[PDB]
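Below you will find one chain, with nothing else, as structure tokens; this is the form deposited in one PDB entry, and questions on how it binds or moves follow later.
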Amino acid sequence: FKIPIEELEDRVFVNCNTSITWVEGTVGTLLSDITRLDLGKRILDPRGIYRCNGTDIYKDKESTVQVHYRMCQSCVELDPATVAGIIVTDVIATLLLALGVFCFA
């Protein structure tokens, strides 16, 4: 018995038929109605473990589902060309700056 993860426009929900007991991870927020839980915005990387109980068809069975998200918007596309083209000239600039210090003294 899996725990359905419904999707609103930016809210990832956790739906059950009984009380949801958080185990370990991002608790997010609570909600007034029972058998529900909110995790917050889509771009938050909500990750945690939330075990649940059975339903009216699959009762006497404790279920557990872990939610994992990697919808990165803080990620940067590193390019071999750009990165190499900045470090190899930064080293040259540092070495040239280290030449005037020797020249003065």
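Only residues modelled in both forms are compared. Rigid core here is just the name for the largest C-alpha set that superposes within 1.5 Å across the two forms. All residue numbers refer to positions in the sequence shown, first residue = 1.
Keep in mind the form deposited in another entry is missing from the figure; the text below concerns it.
Core-superposed comparison between this form and the one not shown: the CA of residue 84 stays below a 2 Å shift.
Residue 19 shows a C-alpha shift below 2 Å between this form and the one not shown [criterion: core-superposed Cα displacement of 2 Å]. With the core held fixed between this form and the one not shown, residue 98 has its Cα displaced by at least 2 Å. In this core-based overlay, residues 88 to 105 form the only run of three or more whose Cα positions differ by 2 Å or more between this form and the one not shown.
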